[PDB]
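A.B. asks: experimental structure and its sequence below.
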Amino acid sequence: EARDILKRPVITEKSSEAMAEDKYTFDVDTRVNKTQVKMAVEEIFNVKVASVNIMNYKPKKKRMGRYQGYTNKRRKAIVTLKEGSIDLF
Amino acid sequence: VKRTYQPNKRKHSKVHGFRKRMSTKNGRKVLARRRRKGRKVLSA
Amino acid sequence: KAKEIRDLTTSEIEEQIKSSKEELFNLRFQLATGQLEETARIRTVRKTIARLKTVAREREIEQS
Amino acid sequence: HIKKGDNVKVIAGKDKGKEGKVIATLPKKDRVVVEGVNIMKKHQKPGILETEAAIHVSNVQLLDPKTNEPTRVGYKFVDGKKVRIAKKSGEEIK
Amino acid sequence: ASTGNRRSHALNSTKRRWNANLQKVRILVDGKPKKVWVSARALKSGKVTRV
RNA sequence: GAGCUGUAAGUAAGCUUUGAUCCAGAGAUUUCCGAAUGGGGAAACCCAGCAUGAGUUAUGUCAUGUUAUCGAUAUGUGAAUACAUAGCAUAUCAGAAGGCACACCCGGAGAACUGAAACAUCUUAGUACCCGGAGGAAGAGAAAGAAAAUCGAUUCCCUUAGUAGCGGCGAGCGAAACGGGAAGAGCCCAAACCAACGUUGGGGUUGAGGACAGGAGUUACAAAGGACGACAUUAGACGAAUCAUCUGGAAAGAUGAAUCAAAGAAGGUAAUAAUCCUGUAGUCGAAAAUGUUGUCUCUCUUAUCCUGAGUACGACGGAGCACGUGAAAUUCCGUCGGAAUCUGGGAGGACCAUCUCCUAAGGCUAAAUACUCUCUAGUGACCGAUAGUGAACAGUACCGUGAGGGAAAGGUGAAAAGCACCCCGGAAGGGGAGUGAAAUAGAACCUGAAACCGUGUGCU
RNA sequence: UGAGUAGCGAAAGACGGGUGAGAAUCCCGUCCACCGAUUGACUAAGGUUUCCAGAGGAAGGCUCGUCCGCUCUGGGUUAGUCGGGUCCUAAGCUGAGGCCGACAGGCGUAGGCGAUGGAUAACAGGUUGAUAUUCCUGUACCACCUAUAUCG
RNA sequence: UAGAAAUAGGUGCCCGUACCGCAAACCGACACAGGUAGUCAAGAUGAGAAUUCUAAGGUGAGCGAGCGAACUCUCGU
Ligand SMILES: [K+]
Ligand SMILES: [K+]
Ligand SMILES: [Mg+2]
Ligand SMILES: [Mg+2]
Ligand SMILES: [Mg+2]
Ligand SMILES: [Mg+2]
Ligand SMILES: [Mg+2]
Ligand SMILES: [Mg+2]
Ligand SMILES: [Mg+2]
Ligand SMILES: [Mg+2]
Ligand SMILES: [Mg+2]
Ligand SMILES: [Mg+2]
Ligand SMILES: [Mg+2]
Ligand SMILES: [Mg+2]
Ligand SMILES: [Mg+2]
Ligand SMILES: [Mg+2]
Ligand SMILES: [Mg+2]
Ligand SMILES: [Mg+2]
Ligand SMILES: [Mg+2]
Ligand SMILES: [Mg+2]
Ligand SMILES: [Mg+2]
Ligand SMILES: [Mg+2]
Ligand SMILES: [Mg+2]
Ligand SMILES: [Mg+2]
Ligand SMILES: [Mg+2]
Ligand SMILES: [Mg+2]
Ligand SMILES: [Mg+2]
Ligand SMILES: [Mg+2]
Ligand SMILES: [Mg+2]
Ligand SMILES: [Mg+2]
Ligand SMILES: [Mg+2]
Ligand SMILES: [Mg+2]
Ligand SMILES: [Mg+2]
Ligand SMILES: [Mg+2]
Ligand SMILES: [Mg+2]
Ligand SMILES: [Mg+2]
Ligand SMILES: [Mg+2]
Ligand SMILES: [Mg+2]
Ligand SMILES: [Mg+2]
Ligand SMILES: [Mg+2]
Ligand SMILES: [Mg+2]
Ligand SMILES: [Mg+2]
Ligand SMILES: [Mg+2]
Ligand SMILES: [Mg+2]
Ligand SMILES: [Mg+2]
Ligand SMILES: [Mg+2]
Ligand SMILES: [Mg+2]
Ligand SMILES: [Mg+2]
Ligand SMILES: [Mg+2]
Ligand SMILES: [Mg+2]
C-alpha cells in the first residue's frame, strides 16, 4: 500500500528550496496519516526519515467557460530525511 | 443597523442540516419532497 | 493477456501484481517530473493489474 | 460496403463521373475521402493547402469487375465467410 | 375506541369518541402474571381470567 | 468485421484482421454517506473494543474480520424470597427497520372556502390534507341472498332512471331488483363420533347435512421436486430494381428511355429518389440467461347425538346504508343487559299470523375490473422555440434562515473549405486579397418586420 | 421621452522623475495634510482563495487606468506542547428498558451528547514573494516504549 | 481501604493554520456615511481613556478643472 500512499512528487520553487534542505514534498492520499507517509517513504526509497509535516488543501474554485467547478482536494506531506537521498529525476 | 441574518455555521447545521431533517417524520418528508423535485441540494 | 496470466501459479500472479504496481508507480513519478512522454504505458499497466486481480479472484472463487 | 483501397465512381456532386481510390472511411459520419475528389483549398497559417474533403458515401459507387459499370454490391457465403459480390454480374469483388 | 358525533338539539355535529370501559387488572398474560388494561365487557365474556 | 482511446475539437502516446472500438447474455470489482446498525456526529466525518495478522527491541501506526436495538432459538446463571419467577451473561438465526410513481387499492382520521342568492339542519364531502398496510392488482365472493314465476357465489359494463325514494320536502341528494352482456369455480374447517398417549391423528362440512346404523394437483381446493420438447424475449443476418441529357455549386427536379414491386412505410444523400444510402415486404438467426408453456415424471386420493354464545338480539348514544329517526326494516361501533338448540333459528321495509325463501355468529378462492413512474413497438385534421414540459440549450442560474419559489437561452455553410498574405491600428475594429453558389452566410453567423437612431436632399 | 439633464456616496493635496499607444487618477521621490482610547496592533465570529508572483485591460471599478479585492497562468497554509478531538461536566438535547397516546407520536430512568466554564507539556531568535510558539537554530518540557540497577 | 530509580535510546495521530476581519473580502442587493464580541493603551495638558496637539503606526477617501450669480445647505460676524 506504500505505493498507494504516495501519489506524486511536488516540484515547485518552494519545494526545490526545501529539497536543498533535504526536505521532499509529495502529494499523498487524502486519507493517510503522517506515520503512514513516513513508512511509505522508508519502504519505497530505502532512506531514514527524520520527520513528516503534513497539510490539507481545500478544493480550488475553477472554470472552463460557463462550467465552473472545483479542483480535487489535496494532502501535502513534507518529508525531512535523516539519511539517504531521493533521486526523483 | 443590525439586519435579520447573522450567519452561524453551527446554528445553520443544527436547525437545517441533514441529520436534523432525518430526526423527524416531517423533516424526512422535506427530504423526500426535495428528492422528488430533483434538487441538487437537499439540506445544509 | 488474460490467456498468459491464466498459465501462472497463484503466487506468481501475486509476484507480477507487485512488480506491475511498482512499474506503475515509477511511471507516475516520471510523469509528474515531466520525464515520461510515453503516456500510453500508464493505461497498459493499469489494465494488466486489473486482469491479474481478476484471475486471482476467479481462482480464489473456484477453490472455495 | 465501400472499403479503403476500393476503386469507386463518383455518381453525384461536382466530380460526378470521376473514378478514384477510397483513401479514408469515416463510418460514424457515413463519409469517405476519395483521391482527386472534392479538393478543398485551406488557408494554412504557419499557405494554401489543397487536399481532399470527405463526401457522402452515397455519392460513390463500386465498379463491376466484368463490365466496369457501376454496381450495387450484395453478400454471399462461401465456407463461412461473407464476400462482396456485384449485382450486375455476380463476380466476387476484390 | 370508535369515532362518531355528538349531536345537539339543533343537530349541530361535533366529533367525539366512544372509549372502552378499560380496567387495570392482572390477567396472567403468556403464563406470566401482568397488570394490563382490559375492558369490563371482556372480563364479563370470560376469555380473560384475572389473577 | 475496420477502425478505435465518451461527449469532443487538439495534439501526444498508443490499441487493432494474432479480430480492437462497439452490441447482447452471464460473471468479477464495486471507496464513503445514507434505514446506517461498534460509539459519537453539524450526512458523506471523528473516536473505539475484541480476535487474527503485518511491521517495530518495543510503543506509536497499519490490514482483515467482528461488535446497534427489538425479535427468534438454546445453554447457563441468579434477586426481593424458601421453591420459583423477574432479571442477567453467552452462543446460534438473520425475522423487522428504510424507500417508493407508493398513480391504482384497503383501512384509521378528517376540514374549509363554497351552494342554499343571508345562515345554523343540509351542501362542499367522506372531497383536500395527514397516518397505517399491501398487491400486481386490491377489495368482494359461494346465499340465515334476490324474489313472489322462479333464480342460483362475487365483480364489472349497458339499462332500469334522474325513476322509486330522501330532503329547512329548500338548495340539493339519489338507488336497487328484473332484463341484456364481459368473465365464470368452487372449496377447507369447528362439532358429534372413532384410534392412541387434554393432545395428536382419522372422520365431516349442510337446507336439511353429518355422526351413528383410473382422477385430481402446487391459480383456492395438500405439498416439494426432476427429464425432454416448444415458443417467446434479451445481440443480429440476408434482402428487388436506372441510366442519359438540361438548368444548376450540387439533381433526387425537367426531359427521354428503362426496371423492381409480398418491397410506392420512412429517413438521409449538395434542390423534391420505389430502383444512391440506411431501410421497407419477406425470410433467416442464439453460446448464455430469463420467462410462459406441453408431455413424461412426481405427489395425494379411490332426528338418538352434532351443526360456530357473552353470540344473535334488546335499551341508550352514534355511525353506515340514496334515505336527515322517520311508517325505518337491513349493517356496524361504545355502554349495559342478554336467547333458542331441527317441534331450532333468520329474512321477505314497523309489527303480528300464515306462506315463501334461506341456514348467521370460522376461513380460502382465479377471471372478467382500476392505474402507468416504467419498458418495447407504434399512432395523431396534437405544439413547432412568448408555442410544446418549468426545462429542445434546468429543478440549473438566481431569490429565501428555512419550508419553498424559480427563469432566460434553438438555426454559419452542402462541406470548415472558419478568411494564407498585404495595409491602418497597442488592441479592438476595419479595407483589400482569398474560400464559398452566396461573406449584408465571418461565428452577436438562415430570414431580419416595427418602434427607435442617423446620413443625403426634391418641395416647403 | 425626460436629457447630455440629476447624480458620480462625509475629507488635502502639490510638484519632480518614471512607465506607456494613451497618465489629475499607476510606480518612485520630496514637501504638505488627516487619525492617533485610534483611520494603529492583535484575537473571535462570518466569508471562503479574495493571499503571492508574472502577464493583461474586453466587461467590472460611479471618471481615467499602464492599476486592482477584476481577467489569464503558475504558486502559497508545515504543530507531541497554539485552538479543538483521542479529558470533564452546565443549560439544553437525546434516551436501553419504561409510562402515556386514534395513527403519526409525547414524555421519561440508567446512560449519552453538549462550552460560553473546569483540566491540560515551549520558549527566545532568525528566515520567505506568499507560513510560522508550526520551518531553521538554541535551549526545554510532557506522555508512552525499551534497555542497563509495591500497586490499589 | 477492600482488592491485586537514574541514565541512555526510541515513539508521539486527526482537524484548523492562506487572506479580510470594527471592513472594499462579514451582516446591510453596492468597492453602501449604518451594525459587528474581546485584547493592547505612548508623550504634552489635565481629575480623566475629557480636551487640543503629537508618537508608534496608518491614511489623503476611485471623477476632475474653472467661476466666485440667484437660491438651498453648513459656518462666522
Ligand atoms: K446520394
Ligand atoms: K498560519
Ligand atoms: Mg497540521
Ligand atoms: Mg453507510
Ligand atoms: Mg456507522
Ligand atoms: Mg450514528
Ligand atoms: Mg436477525
Ligand atoms: Mg437481522
Ligand atoms: Mg410501496
Ligand atoms: Mg404502500
Ligand atoms: Mg351561502
Ligand atoms: Mg398512508
Ligand atoms: Mg402505505
Ligand atoms: Mg441489408
Ligand atoms: Mg437496395
Ligand atoms: Mg440523375
Ligand atoms: Mg353454520
Ligand atoms: Mg345512519
Ligand atoms: Mg341501515
Ligand atoms: Mg331504514
Ligand atoms: Mg334482525
Ligand atoms: Mg423564431
Ligand atoms: Mg419554453
Ligand atoms: Mg473578413
Ligand atoms: Mg480586414
Ligand atoms: Mg479583408
Ligand atoms: Mg470575409
Ligand atoms: Mg442579404
Ligand atoms: Mg441574420
Ligand atoms: Mg432621454
Ligand atoms: Mg450641459
Ligand atoms: Mg430640465
Ligand atoms: Mg441644471
Ligand atoms: Mg452637477
Ligand atoms: Mg467619492
Ligand atoms: Mg491632528
Ligand atoms: Mg493581490
Ligand atoms: Mg471605466
Ligand atoms: Mg486575481
Ligand atoms: Mg426523552
Ligand atoms: Mg400506548
Ligand atoms: Mg471553551
Ligand atoms: Mg502573512
Ligand atoms: Mg495568518
Ligand atoms: Mg479588502
Ligand atoms: Mg470609495
Ligand atoms: Mg463600509
Ligand atoms: Mg459599519
Ligand atoms: Mg488612565
Ligand atoms: Mg479624544
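C.D. replies: Structure received. Numbering: from 1, shown residues only, chains lettered A, B, ... in the order given. Ligands and ions are numbered 1, 2, ... in the order given.
A.B. asks: and stretch D:2-16, how far from the chain's centre?
C.D. replies: 4 Å (Cα atoms, centre = their mean, to the nearest Å).
A.B. asks: check which helix or strand covers the residue lying farthest from the centre of chain D.
C.D. replies: What lies farthest from the middle of chain D is residue D:46; by Cα atoms, centre = their mean that is 32.6 Å. Per DSSP states H and E, residue D:46 falls between elements, in no helix or strand.
A.B. asks: who's in contact with the residue nearest in space to the middle of chain C?
C.D. replies: Residue closest to the mean C-alpha point of chain C, counted by Cα atoms, centre = their mean, is residue C:49 at 2.6 Å. Counting by Cβ atoms under 8 Å, 6 or more residues apart in numbering or on different chains, residue C:49 touches C:17, C:20, C:21, C:24. (Each C-beta comes from the backbone N, C-alpha and C, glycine too.)
A.B. asks: could these go into CSV alongside secondary structure and neighbour count?
C.D. replies: Below are these laid out as CSV (DSSP: H, G, I helix; E, B strand; the rest coil; neighbours: other Cβ atoms under 10 Å in any protein chain shown):
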residue, secondary structure, neighbour count
C:17, helix, 15
C:20, helix, 17
C:21, helix, 18
C:24, helix, 19
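A.B. asks: look up phi and psi at residue 50.
C.D. replies: All of this refers to chain A. Residue A:50 adopts backbone torsions of phi -80, psi -40, taken as degrees, to the nearest 10.
A.B. asks: up against RNA strand G, what does chain A have?
C.D. replies: Residues of chain A lying close to RNA strand G by Cβ under 7 Å from any atom of the strand are A:10, A:12-15, A:18, A:21, A:34, A:51, A:53-55, A:57-58, A:60-61, A:63, A:76, A:78, A:80.
A.B. asks: out of these, which end up buried?
C.D. replies: For these, a burial check counting by 16 or more other Cβ atoms under 10 Å in any protein chain shown picks out A:10, A:15, A:18, A:34, A:54, A:78.
A.B. asks: between those, which sits nearest chain C?
C.D. replies: residue A:10 (8.1 Å; Cβ to the nearest Cβ).
A.B. asks: quick check: the closest one vs residue D:89, distance?
C.D. replies: 70 Å (Cβ to Cβ, to the nearest Å).
A.B. asks: number of residues surrounding the residue in chain D that RNA strand H sits nearest to?
C.D. replies: Relative to RNA strand H, the nearest point of chain D is residue D:45 (37.5 Å; Cβ to the nearest atom of the strand). Residue D:45 sits with 4 neighbouring residues when counted by other Cβ atoms under 10 Å in any protein chain shown.
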